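In: Below is the structure, and that's it, no one-letter string:
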């Protein structure tokens with residue numbers, strides 16, 4: 001099925017077609033990289049590394065820090081503690 005911007009699903013589940021949107025937004029310096037081609041799934045987006053990115057023509061550090069940095073925040077919101085049953089309440 002398809003959800004309508006309802007709920008904050010984990011990135012580890014996100015599809016390799018949405019990431020491109022989350023990557024292009026991060027910054028323009030990255031908007032250049034062929035995301036639509038990267039076809040990289042979320043499960044891999046949260047398990048990325050400075051040794052792999054290189055393969056995608058991402059050797060430069062500055063660019064790595066930009067992404068890797070934001071990913072660190074995702075791994076958190078994505079990796080929850082038995083949220084299925086009960087999770088944190090923001091209020």
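Out: Nice, thanks for sending it over. Residues are numbered from 1 along each chain as shown.

In: Which positions within the longest helix along the chain qualify as buried?
Out: With secondary structure taken from DSSP state H, the chain has its longest helix at helix 61-78. When burial is assessed from 16 or more other CB atoms under 10 Å, helix 61-78 yields the following buried residues: 63-64, 66-67, 71, 74, 78. (C-beta placed from N, C-alpha, C; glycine too.)

In: Run through the helices of the chain in chain order.
Out: With DSSP H as the definition, the chain shows helices at residue ranges 19-26, 28-31, 35-38, 42-45, 61-78.

In: As JSON lines, the ones you listed with distance to residue 4 would be great.
Out: Formatted as JSON lines, those follow (distance: least, CB to CB, whole Å):
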{"stretch": "helix 19-26", "distance to residue 4": "16"}
{"stretch": "helix 28-31", "distance to residue 4": "26"}
{"stretch": "helix 35-38", "distance to residue 4": "23"}
{"stretch": "helix 42-45", "distance to residue 4": "19"}
{"stretch": "helix 61-78", "distance to residue 4": "20"}
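
In: Which of these sits closest to residue 84?
Out: Each of the helices of the chain has some distance to residue 84 by CB to CB; the shortest is helix 61-78, at 13.7 Å.

In: Any figure for the gap between residue 11 and residue 47?
Out: Remark: distance between residue 11 and residue 47 (CB to CB, to the nearest Å) = 10 Å.

In: Which of these two has more residues huddled nearby?
Out: Neighbours per residue, other CB atoms under 10 Å: of residue 11 and residue 47, the larger number sits with residue 11, 21 against 12.

In: hang on, the more buried one packs against residue 44?
Out: No - contact between residue 11 and residue 44 fails when scored by CB atoms under 8 Å: they sit 10.1 Å apart.

In: List the contacts of the nearest residue to residue 14 once chain neighbours are set aside.
Out: Closest residue to residue 14 apart from its sequence neighbours, by CB to CB, 6 or more residues apart in numbering: residue 42 at 3.1 Å. Residue 42 makes contacts with 10-16, 18-19, as judged by CB atoms under 8 Å, 6 or more residues apart in numbering.

In: Can you add distance to residue 25 and give those residues back as a markdown table?
Out: Rendered in a markdown table, the data for the contacts of residue 42 read as follows (distance: CB to CB, whole Å):
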| residue | distance to residue 25 |
| --- | --- |
| 10 | 18 |
| 11 | 13 |
| 12 | 19 |
| 13 | 19 |
| 14 | 14 |
| 15 | 16 |
| 16 | 16 |
| 18 | 11 |
| 19 | 11 |
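
In: Brilliant, that's me finished.
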